[PDB]
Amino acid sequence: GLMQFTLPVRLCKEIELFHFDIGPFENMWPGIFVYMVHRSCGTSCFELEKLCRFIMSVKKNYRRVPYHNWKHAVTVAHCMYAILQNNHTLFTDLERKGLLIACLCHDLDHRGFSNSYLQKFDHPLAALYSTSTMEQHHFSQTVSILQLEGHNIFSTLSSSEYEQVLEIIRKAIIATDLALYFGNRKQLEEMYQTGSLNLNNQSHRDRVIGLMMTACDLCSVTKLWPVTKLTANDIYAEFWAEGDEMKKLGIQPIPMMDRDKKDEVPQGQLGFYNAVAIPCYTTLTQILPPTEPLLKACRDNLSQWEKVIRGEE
C-alpha cells in the first residue's frame, strides 16, 4: 500500500517530458510503467501483485523483433502517460486505467509484418480477421492474458465499469491500425473547424482517443534527433525483412520495404512526416493544447530529415 516506485532523479524529472527515452536497461521498464500507472491513475487502481504479473505476461508475449517489441510497448505507454498528465481533468478514471494498459498491449505478439503481408502470405489470422488483422489479434491476446489466473487487474471493477474499460482498450488498440487514422483525423479536423466537437459525445471521445493512440504509436518522430534516427534503423530492419519475404512470394515490394531503395529513405521520411506525422500532432494540439511539445519535436525532426537530403548530414 505505502510501497511507492521511485526512479533516480534524472528519470524522475525527464519521465514527465514528451521526449523521454526509456533507456537501454530492459529490467527497469516494468518499474517505469508501474511508476506511470501510480502517478497517472493512483497506487490503489491496481493490486501491485496482479499488475506485476500482468506486465510480465505481456512482456513474455512480445517477440524479439527489431521494432514491434517490448521496448515499443513501454515507449508508446510513456507517450500516453505524458498526454494524460498534461490533460489532468479531461479524462475519466476508467480512461486513465484503460489507455496505459491499451498502449502496453497494443502490439502484443507482433511478428514484424504488416496486415498487407499477412493477406498476401494467406496467414490464418487474415482469414480470422479480414480488416485491422494484427490489431484484432493484439486485442484478442490482451483479453487472453487478462483471463490467466491472478492476471485480472480489473477484478475490483463493477460489471458495467469492466465492460466499459475493455471497450476503451478494444477501440484504442484497433485505432493503432494506421489505415484507419486518415479518415479519423479528417472527421476530427471537420468537427474542430465547424465547432461540432463535443467531448461529452462518446463517439467524439472515441475519435479523440483514437488520434491519441496514433500520436503515441508514431512518437519516435517526437524524440531527440539521435533517438528518432536510431529508432528509424529498427523500423527499416522490419520493413526490409518484409520486403525480402514479398520477393520470396514473387511480389515486388513497395520501395519502403525494398532494401535496394535504401538511398531514398530521407525523401520517404519527408512524405511520412508531411502525410501522417505532422497532421496527426497538429490536430491533436488543436483538440488538446498541452500536447504542443509533440508537434514542436515532430517539426524539429522534419527539419533534420530535410538537412539529411541537402547533404548537411
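One-based numbering along the sequence shown. Take the two forms, superpose them, and find the largest set of C-alpha atoms that agree within 1.5 Å; that set is the rigid core.
Superposing the other copies on the rigid core and comparing 231-239 to 118-126, farther C-alpha placement in 7 other deposited structures of this protein marks 118-126. Comparing 18-26 with 299-307 in 7 other deposited structures of this protein, after superposition on the rigid core, the stretch with the greater RMS C-alpha deviation is 18-26. Averaged over their C-alpha atoms, the temperature factors of 202-210 and 235-243 are higher for 202-210.
Relative to one another, 218-226 and 162-170 have unequal mean CA B-factors, and 162-170 is the one with the higher figure. Each of 141, 133, 196, 176 has a CA temperature factor in the record; the biggest one is found at 196. Ranking 62, 273, 67, 46 by the C-alpha B-factor listed in the PDB entry places 46 at the top. Among the modelled residues of its chain, residue 150 has a C-alpha B-factor that falls in the highest third according to the deposited record.
Ranked within its chain, residue 91 lands in the highest third, by CA B factor from the PDB record. Placement of the Cα temperature factor of residue 34 within the chain: middle third of the modelled residues, per the deposited record. Ranked by C-alpha B-factor against the other modelled residues of its chain, residue 277 falls in the lowest third. Ranked against the other modelled residues of its chain, the C-alpha B-factor of residue 71 as given in the entry falls in the lowest third.
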